[PDB]
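> The following block contains the structure, expressed as structure tokens.
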Amino acid sequence: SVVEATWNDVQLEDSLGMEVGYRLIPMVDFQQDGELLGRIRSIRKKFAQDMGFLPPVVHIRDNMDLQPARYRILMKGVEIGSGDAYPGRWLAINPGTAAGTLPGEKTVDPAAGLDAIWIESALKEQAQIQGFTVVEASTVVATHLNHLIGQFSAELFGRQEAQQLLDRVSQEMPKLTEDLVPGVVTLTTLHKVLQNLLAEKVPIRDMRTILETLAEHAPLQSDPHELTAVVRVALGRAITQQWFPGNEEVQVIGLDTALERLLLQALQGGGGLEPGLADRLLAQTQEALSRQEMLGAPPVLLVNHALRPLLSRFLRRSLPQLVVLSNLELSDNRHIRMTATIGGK
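Numbering (the entry's author numbering), first residue to last: 348 to 692.
Given below as structure tokens:
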């Protein structure tokens, strides 16, 4: 090379990044328009004012070993999603109800997982009236990105993001903060709690309710896996109204009164569960889920309080569509009806 090297030649890994084929560089060009960059901002905005923290920047760059109209979405250096995005064209998607067909590359939407087909421009107004849904090129990339963050929000919420939130809270209710961390709770413990809250789709905007609940229970309990379940009940009204809006009936999944005992036997049994029970659970749990998908009911499981923190820890790694709540996280002012049962069939 022409110029000598300096430590600025060291490329530290990026929390969130994107690699882009040379056909997309125009839509990701700082210098030119930047059609996509405007959408990544309004995603990262509508994520702070929604999920309660600021997603890390999306470091975008070109990698010419990629197909010209293909992108990789990266997390801490490793791929978490790829896709194609042809510029001048448009994407049309069937929400399962459209009528007809169109000429173009048949494909699958990276977001909802739906069947879709890229189309040309002038089919725009014609594709919609056939029942389709049409979004621009750059918008596909964005919707694929806004979907990869809400799925990986737990891992994007690093220790740096927790202090930056501890600092943001501490400029509006600083008294809660001045003597909580590192005083009563260590930042190691705060982050892991907020991280567990995120990993189960529970938002952390109510840092008042959280930093209050912590400083109350923190001295006589320092296990974040137990502090968490305490903070969940303080957010019981927010977790409730998140999946069961209004004050109408609560359509829940339920487990057997004795299977509970079967499961409750396994709790104090030690630090683990026994094999044969597992493969049965996943099957019947997905059985109950399937009935819900046809009743129009949410995929919410409702269990004994001491049965949540491991059913979630177990069932969610296989069916991350599922929600595992407790009877202490639901408000007292709601009627409950077990729309489906995990039983011996």
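Ideal Cβ positions, reconstructed from N, Cα and C, are used throughout, including at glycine.
Going by the DSSP bridge assignment, what does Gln598 pair with across the sheet?
Taking the first residue of the sequence shown as position 1, residue 598 is located at position 251. Note: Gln598 sits in a beta bridge opposite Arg684.
> Would you call the segment 593-606 in contact with the segment 557-570, where contact means no fewer than 3 C-beta pairs closer than 8 Å?
Contact between the segment 593-606 and the segment 557-570 is absent, because fewer than three Cβ pairs lie under 8 Å.
> For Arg417 and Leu648, I'd like the C-alpha separation in whole angstroms.
Counting from 1 along the sequence shown, the entry for residue 417 is found at position 70. Counting from 1 along the sequence shown, the entry for residue 648 is found at position 301. C-alpha separation (whole angstroms): 39 Å.
> Smallest Cα separation from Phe377: which of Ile689, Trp590 and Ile407?
Residue 377 sits at position 30 when you count from the first residue of the sequence shown. Among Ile689, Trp590 and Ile407, the Cα nearest to that of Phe377 is on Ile407.
> Apart from the five residues on each side of it in sequence, which residues of its chain come closer than 8 Å, Cβ to Cβ, to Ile427?
To locate residue 427, count along the sequence shown from 1; it is residue 80. So the qualifying residues of the chain are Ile420, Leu421, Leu495 and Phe499.
> Using CA coordinates, which residue listed in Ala463, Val578, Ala432 and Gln615 is at the minimum distance from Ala439?
Position 92 of the sequence shown, counted from the first residue, corresponds to residue 439. The candidate whose alpha carbon is nearest that of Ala439 is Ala463.
> In whole angstroms, what separates the C-alpha of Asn680 from that of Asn594?
Reading the sequence shown from its first residue, position 333 is the one you call residue 680. Reading the sequence shown from its first residue, position 247 is the one you call residue 594. Near 8 Å, if we compare the C-alpha coordinates of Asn594 and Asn680.
> For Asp456, count neighbouring C-beta atoms within 10 Å of its own C-beta (all shown protein chains included) and say buried if the count is 16 or more, exposed if not.
Counting from one through the sequence shown, the residue named residue 456 turns up at place 109. Per the 10 Å Cβ criterion, buried.
> My output table needs one value for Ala352: the three-state DSSP class, helix, strand or coil.
Taking the sequence shown and counting its residues from 1, the one referred to as residue 352 is at position 5. In this structure, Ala352 counts as coil in the three-state DSSP scheme.
> Applying the criterion that 16 or more other CB atoms from any shown protein chain within 10 Å of the CB defines a buried residue, is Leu609 buried or exposed?
Mapped onto the sequence shown, residue 609 falls at position 262. So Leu609 counts as exposed.
> Looking at the structure shown, is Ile420 part of a helix, part of a strand, or coil, going by DSSP?
In the sequence shown, counting from the first residue as 1, residue 420 sits at position 73. Three-state result, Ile420: strand.
> If contacts are defined as beta-carbon pairs under 8 Å, then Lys423 and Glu360 qualify, I think. What distance do you get, rounded to the angstrom?
For this step, residue 423 is matched to residue 76 along the sequence shown. For this step, residue 360 is matched to residue 13 along the sequence shown. The pair is a contact, with the Cβ atoms about 6 Å apart (cut-off 8 Å).
> May I ask you to verify whether the segment 541-548 touches the segment 499-509, counting CB pairs closer than 8 Å and requiring at least 3?
Result yes; three or more Cβ-Cβ pairs closer than 8 Å.
> Just to confirm the assignment, what range does the beta strand (DSSP E) spanning residue 329 have?
Here the chain has residues from 348 to 692 only, and residue 329 is not among them.
> Rounded to whole angstroms, what's the CA-CA distance from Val577 to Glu640? Just pull it up for me.
Residue mapping note: residue 577 aligns to position 230 of the sequence shown, counting from 1. Residue mapping note: residue 640 aligns to position 293 of the sequence shown, counting from 1. Spanning the two alpha carbons is a distance of roughly 30 Å.
> Grab the span of the alpha helix (DSSP H) containing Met398 for me, first residue to last.
In the sequence shown, the residue the question calls residue 398 occupies position 51. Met398 -> alpha helix (DSSP H) spans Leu384 to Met398.
> Would you give the residue range spanned by the beta strand (DSSP E) that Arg552 belongs to?
On the sequence shown, residue 552 is found 205 positions in, with the first residue counted as 1. Where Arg552 is concerned, there is no enclosing beta strand (DSSP E), given that its DSSP letter is neither H nor E.
> Apart from the five residues on each side of it in sequence, which residues of its chain come closer than 8 Å, Cβ to Cβ, to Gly583?
Position 236 of the sequence shown, counted from the first residue, corresponds to residue 583. So the list reads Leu675, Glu676, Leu677 and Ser678, once near-sequence residues are dropped.
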